[PDB]
Structure formats: structure tokens, C-alpha cells
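**Q** My file is structure_19.cif. It has mmCIF, C-alpha atoms and all ligand atoms:
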data_target
#
loop_
_atom_site.group_PDB
_atom_site.id
_atom_site.type_symbol
_atom_site.label_atom_id
_atom_site.label_comp_id
_atom_site.auth_asym_id
_atom_site.auth_seq_id
_atom_site.Cartn_x
_atom_site.Cartn_y
_atom_site.Cartn_z
ATOM 1 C CA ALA A 1 295.855 -62.530 73.439
ATOM 2 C CA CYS A 2 295.438 -64.882 70.476
ATOM 3 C CA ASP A 3 298.144 -67.333 69.524
ATOM 4 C CA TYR A 4 296.693 -67.275 66.004
ATOM 5 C CA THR A 5 294.343 -64.652 64.644
ATOM 6 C CA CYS A 6 292.511 -65.479 61.446
ATOM 7 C CA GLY A 7 290.626 -62.345 60.511
ATOM 8 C CA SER A 8 288.323 -61.755 63.455
ATOM 9 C CA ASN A 9 288.727 -65.330 64.769
ATOM 10 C CA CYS A 10 291.013 -65.836 67.779
ATOM 11 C CA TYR A 11 292.702 -69.152 68.469
ATOM 12 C CA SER A 12 294.929 -70.406 71.251
ATOM 13 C CA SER A 13 297.581 -73.097 70.869
ATOM 14 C CA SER A 14 295.169 -75.471 72.639
ATOM 15 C CA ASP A 15 292.445 -74.833 70.022
ATOM 16 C CA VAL A 16 294.988 -75.591 67.300
ATOM 17 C CA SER A 17 296.280 -78.792 68.981
ATOM 18 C CA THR A 18 292.758 -80.109 69.488
ATOM 19 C CA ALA A 19 291.790 -79.490 65.838
ATOM 20 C CA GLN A 20 295.099 -80.938 64.618
ATOM 21 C CA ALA A 21 294.659 -84.191 66.599
ATOM 22 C CA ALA A 22 291.205 -84.667 65.061
ATOM 23 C CA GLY A 23 292.397 -84.096 61.498
ATOM 24 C CA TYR A 24 295.454 -86.252 61.886
ATOM 25 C CA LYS A 25 293.403 -89.099 63.392
ATOM 26 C CA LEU A 26 291.195 -89.203 60.269
ATOM 27 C CA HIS A 27 294.263 -88.972 58.022
ATOM 28 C CA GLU A 28 295.935 -92.068 59.567
ATOM 29 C CA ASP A 29 292.693 -94.037 59.116
ATOM 30 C CA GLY A 30 292.251 -93.036 55.475
ATOM 31 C CA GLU A 31 288.916 -91.469 56.440
ATOM 32 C CA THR A 32 287.382 -88.170 55.404
ATOM 33 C CA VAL A 33 284.506 -85.929 56.662
ATOM 34 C CA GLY A 34 282.374 -83.165 55.162
ATOM 35 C CA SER A 35 281.103 -82.522 51.631
ATOM 36 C CA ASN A 36 284.547 -81.148 50.910
ATOM 37 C CA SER A 37 286.306 -84.312 52.191
ATOM 38 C CA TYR A 38 288.489 -83.183 55.142
ATOM 39 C CA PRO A 39 291.265 -83.613 55.777
ATOM 40 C CA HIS A 40 292.727 -83.226 52.285
ATOM 41 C CA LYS A 41 296.047 -82.281 50.762
ATOM 42 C CA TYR A 42 297.136 -78.693 51.116
ATOM 43 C CA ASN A 43 299.281 -77.866 48.046
ATOM 44 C CA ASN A 44 300.941 -74.713 49.404
ATOM 45 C CA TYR A 45 300.295 -72.707 46.195
ATOM 46 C CA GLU A 46 300.970 -69.573 48.279
ATOM 47 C CA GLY A 47 304.454 -70.872 49.053
ATOM 48 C CA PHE A 48 304.397 -70.291 52.777
ATOM 49 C CA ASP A 49 307.743 -70.925 54.435
ATOM 50 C CA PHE A 50 306.532 -73.830 56.571
ATOM 51 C CA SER A 51 309.581 -75.098 58.484
ATOM 52 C CA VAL A 52 307.981 -78.541 58.562
ATOM 53 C CA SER A 53 308.267 -80.980 55.642
ATOM 54 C CA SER A 54 305.524 -81.801 53.180
ATOM 55 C CA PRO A 55 303.196 -83.391 52.230
ATOM 56 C CA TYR A 56 300.750 -81.073 53.970
ATOM 57 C CA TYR A 57 297.081 -81.647 54.834
ATOM 58 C CA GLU A 58 294.380 -79.184 55.848
ATOM 59 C CA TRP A 59 291.597 -79.560 58.365
ATOM 60 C CA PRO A 60 289.042 -76.924 59.505
ATOM 61 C CA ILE A 61 289.452 -75.126 62.823
ATOM 62 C CA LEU A 62 286.172 -73.627 64.123
ATOM 63 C CA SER A 63 285.656 -70.343 66.007
ATOM 64 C CA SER A 64 282.952 -72.016 68.139
ATOM 65 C CA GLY A 65 285.689 -74.200 69.616
ATOM 66 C CA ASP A 66 283.910 -77.331 68.419
ATOM 67 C CA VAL A 67 285.876 -79.914 66.490
ATOM 68 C CA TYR A 68 284.890 -80.148 62.807
ATOM 69 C CA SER A 69 282.420 -82.977 62.104
ATOM 70 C CA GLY A 70 280.905 -82.194 58.715
ATOM 71 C CA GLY A 71 278.789 -79.248 57.700
ATOM 72 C CA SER A 72 280.209 -75.768 57.120
ATOM 73 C CA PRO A 73 284.011 -75.669 57.553
ATOM 74 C CA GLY A 74 284.193 -71.900 57.846
ATOM 75 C CA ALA A 75 287.301 -70.125 56.533
ATOM 76 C CA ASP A 76 290.075 -71.252 58.889
ATOM 77 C CA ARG A 77 292.404 -74.230 58.533
ATOM 78 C CA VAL A 78 295.091 -75.975 60.525
ATOM 79 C CA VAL A 79 297.799 -77.398 58.258
ATOM 80 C CA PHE A 80 299.816 -80.418 59.375
ATOM 81 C CA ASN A 81 302.111 -83.001 57.803
ATOM 82 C CA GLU A 82 302.619 -86.798 57.696
ATOM 83 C CA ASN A 83 304.482 -86.769 61.051
ATOM 84 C CA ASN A 84 301.600 -84.939 62.726
ATOM 85 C CA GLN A 85 303.695 -81.758 62.915
ATOM 86 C CA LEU A 86 301.950 -78.385 62.762
ATOM 87 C CA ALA A 87 302.975 -76.512 59.635
ATOM 88 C CA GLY A 88 300.770 -73.479 60.210
ATOM 89 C CA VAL A 89 297.314 -71.973 60.596
ATOM 90 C CA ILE A 90 295.860 -70.345 57.504
ATOM 91 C CA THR A 91 292.618 -68.669 56.434
ATOM 92 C CA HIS A 92 290.603 -67.712 53.348
ATOM 93 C CA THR A 93 289.439 -64.563 55.208
ATOM 94 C CA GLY A 94 291.017 -61.459 53.687
ATOM 95 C CA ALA A 95 292.253 -63.419 50.633
ATOM 96 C CA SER A 96 290.713 -63.199 47.131
ATOM 97 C CA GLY A 97 288.759 -66.152 45.749
ATOM 98 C CA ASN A 98 290.219 -69.438 46.975
ATOM 99 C CA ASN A 99 293.534 -68.049 48.068
ATOM 100 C CA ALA A 100 294.713 -68.146 51.594
ATOM 101 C CA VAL A 101 296.783 -66.053 53.964
ATOM 102 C CA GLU A 102 298.489 -67.054 57.203
ATOM 103 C CA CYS A 103 296.836 -66.296 60.563
ATOM 104 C CA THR A 104 299.048 -63.951 62.469
HETATM 105 N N1 LIG B 201 294.424 -71.473 48.784
HETATM 106 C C1 LIG B 201 294.699 -72.766 48.743
HETATM 107 N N2 LIG B 201 293.726 -73.663 48.713
HETATM 108 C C2 LIG B 201 294.215 -74.967 48.676
HETATM 109 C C3 LIG B 201 295.493 -75.412 48.672
HETATM 110 N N3 LIG B 201 295.568 -76.785 48.602
HETATM 111 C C4 LIG B 201 294.368 -77.165 48.694
HETATM 112 N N4 LIG B 201 293.487 -76.108 48.666
HETATM 113 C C5 LIG B 201 292.038 -76.170 48.562
HETATM 114 O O1 LIG B 201 291.645 -76.176 47.189
HETATM 115 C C6 LIG B 201 290.503 -75.310 47.023
HETATM 116 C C7 LIG B 201 290.496 -74.862 45.577
HETATM 117 O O2 LIG B 201 291.746 -74.267 45.371
HETATM 118 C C8 LIG B 201 290.688 -74.210 48.099
HETATM 119 O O3 LIG B 201 289.499 -73.410 48.301
HETATM 120 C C9 LIG B 201 291.250 -75.034 49.301
HETATM 121 O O4 LIG B 201 290.318 -75.817 50.066
HETATM 122 P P1 LIG B 201 289.750 -75.503 51.477
HETATM 123 O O5 LIG B 201 288.500 -74.795 51.188
HETATM 124 O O6 LIG B 201 289.606 -76.858 51.993
HETATM 125 O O7 LIG B 201 290.778 -74.704 52.141
HETATM 126 C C10 LIG B 201 296.525 -74.469 48.636
HETATM 127 O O8 LIG B 201 297.740 -74.682 48.630
HETATM 128 N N5 LIG B 201 296.024 -73.139 48.635
HETATM 129 CA CA CA B 202 289.296 -71.046 72.074
#
Translate this file's structure into C-alpha cells.
Ligand SMILES: Nc1nc2c(ncn2[C@@H]2O[C@H](CO)[C@@H](O)[C@H]2OP(=O)(O)O)c(=O)[nH]1
Ligand SMILES: [Ca+2]
**A**
Amino acid sequence: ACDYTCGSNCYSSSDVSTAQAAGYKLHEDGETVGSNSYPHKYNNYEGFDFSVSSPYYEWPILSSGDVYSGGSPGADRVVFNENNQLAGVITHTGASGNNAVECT
């Protein structure tokens, strides 16, 4: 079973932790990757009830299991905060335009 399911993509807690560590590492170094500059602030326009405090940052999580290193970020994102706490896993899949929904 998936710990997080973003559309058709299935993620385990281990996939999420691995992606989160990568994103957070770049964040503490003031570094960014990809044409879209990841990680970057996640504004929470959707107003998800993250139990973890802001500010929030998003980083891509890939269905291939690889850690994001530039190139196509796909539609899935791990969201974490300043304390390296997981806020949630979200996706653009199944959401109109640039909106996002949570992975269930
Ligand atoms: N849907 C959504 N996108 C956000 C938010 N904060 C940052 N973004 C990013 O801003 C872009 C334009 O709104 C989005 O496509 C998304 O980038 P990602 O593609 O990196 O997820 C947010 O709170 N909601
Ligand atoms: Ca996996």
C-alpha cells in the first residue's frame, strides 16, 4: 500500500524522507536546482491544514525513485518547513492549472 498516493504515483514514507532530506540540504545552503529553482517557497494558497509551522518550501518527489537533480520535476512535491519537518505531500495532478491537491 502507498503511504502517499499522488494521482497514479505511489510513495512510501521512505521515498518522502529521502526527497525531503535532499530538498532541505539545498535550502540550508541557500542553493537551488532546476530551471524552476527548487526548493522554493510554498505559499499554501490552498490553505491546507498543515500541523507544522510555516514558512513552507517545496521540492519535487519523483515516481522513478530518483532524487530530483534538475530537469523535469513532474507533478509531485514534498513540502517541508524551516525545522526540516514534513508538512505534507502535494500534487498538481487532478488539480486545475497551477493548483494543487494533497496526496492521499
Ligand atoms: N498551487 C500552488 N503552487 C504554489 C504555491 N506556492 C508556490 N507555488 C508554485 O507557484 C507556481 C505558480 O503558482 C505553481 O505552479 C507552484 O510551483 P511548483 O510547480 O514548483 O509546484 C502554493 O501555495 N500553491
Ligand atoms: Ca518507492
**Q** Which is closer to residue 73 of chain A than all the others in A:90, A:8, A:36, A:50, using only C-alpha atoms?
**A**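 When distances to residue 73 of chain A are compared using only C-alpha atoms, the smallest one comes from A:36.
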**Q** Using all atoms listed in the file, find each residue of chain A with at least one atom at most 9 Å away from an atom of ligand CA 202 (chain B); report its shortest atom-to-atom pair and that distance in Å (one decimal), sort the rows by chain and rising residue number, and return the result as a Markdown table.
**A**
| residue | atom | partner | partner_atom | distance |
| --- | --- | --- | --- | --- |
| A:2 | CA | B:CA202 | CA | 8.8 |
| A:10 | CA | B:CA202 | CA | 7.0 |
| A:11 | CA | B:CA202 | CA | 5.3 |
| A:12 | CA | B:CA202 | CA | 5.7 |
| A:13 | CA | B:CA202 | CA | 8.6 |
| A:14 | CA | B:CA202 | CA | 7.4 |
| A:15 | CA | B:CA202 | CA | 5.3 |
| A:16 | CA | B:CA202 | CA | 8.7 |
| A:62 | CA | B:CA202 | CA | 8.9 |
| A:63 | CA | B:CA202 | CA | 7.1 |
| A:64 | CA | B:CA202 | CA | 7.5 |
| A:65 | CA | B:CA202 | CA | 5.4 |
**Q** Would you save the residues of that selection, restricted to C-alpha atoms, as a compact mmCIF listing (two decimals), in the frame of the given file?
**A**
# COMPACT_ATOMS: atom_id res chain seq x y z
CA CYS A 2 295.44 -64.88 70.48
CA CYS A 10 291.01 -65.84 67.78
CA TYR A 11 292.70 -69.15 68.47
CA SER A 12 294.93 -70.41 71.25
CA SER A 13 297.58 -73.10 70.87
CA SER A 14 295.17 -75.47 72.64
CA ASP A 15 292.44 -74.83 70.02
CA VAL A 16 294.99 -75.59 67.30
CA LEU A 62 286.17 -73.63 64.12
CA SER A 63 285.66 -70.34 66.01
CA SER A 64 282.95 -72.02 68.14
CA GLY A 65 285.69 -74.20 69.62
**Q** Which polymer residues have any atom within 9 Å of an atom of residue 39 of chain A, counting all atoms listed in the file, with same-chain residues fewer than 4 positions away left out, as a VMD selection string?
**A** chain A and resid 23 to 24 26 to 27 31 to 34 57 to 60
**Q** Give me the residues near residue 103 of chain A as a PDB file with C-alpha atoms, in the coordinates of the input, where near means some atom within 6 Å (using all atoms listed in the file) and where sequence neighbours in that chain fewer than 5 positions away do not count.
**A**
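To be explicit, this is the file written out as selection.pdb:
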ATOM      1  CA  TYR A   4     296.693 -67.275  66.004  1.00  0.00           C
ATOM      2  CA  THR A   5     294.343 -64.652  64.644  1.00  0.00           C
ATOM      3  CA  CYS A   6     292.511 -65.479  61.446  1.00  0.00           C
ATOM      4  CA  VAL A  89     297.314 -71.973  60.596  1.00  0.00           C
ATOM      5  CA  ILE A  90     295.860 -70.345  57.504  1.00  0.00           C
TER       6      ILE A  90
END
**Q** How would you write, as a list in words, the set of residues no farther than 8 Å from ligand LIG 201 (chain B) when counting all atoms listed in the file?
**A** residues 36, 38, 39, 40, 41, 42, 43, 44, 45, 46, 47, 58, 59, 60, 73, 75, 76, 77, 91, 92, 97, 98, 99, 100 and 101 of chain A
**Q** Atom CA of residue 87 of chain A and atom CA of residue 71 of chain A are how many Å apart?
**A**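 So the answer is 24.4 Å.
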**Q** Could you tell me which residues the PyMOL selection byres (((chain A and resi 53) around 9) and not hetatm) returns for this structure, as a list in words?
**A**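 Expected selection for the PyMOL selection byres (((chain A and resi 53) around 9) and not hetatm) here is residues 50, 51, 52, 54, 55, 56, 81, 82, 83, 85 and 87 of chain A.
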**Q** Using only C-alpha atoms, can you tell me which of A:67, A:72, A:78, A:37 comes closest to residue 20 of chain A?
**A**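 The closest residue to residue 20 of chain A is A:78.
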**Q** Let me make sure I understand: among A:9, A:35, A:28, A:19, which one has the smallest atom-to-atom distance to residue 70 of chain A if we use only C-alpha atoms?
**A**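 For residue 70 of chain A, the nearest of the candidates is A:35.
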**Q** What does the distance between atom CA of residue 49 of chain A and atom CA of residue 68 of chain A come to in Å, to one decimal place?
**A**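 Pair atom CA of residue 49 of chain A / atom CA of residue 68 of chain A returns 26.0 Å.
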**Q** Nearest to residue 86 of chain A: which of A:66, A:17, A:30, A:48 is it, counting all atoms listed in the file?
**A** A:17
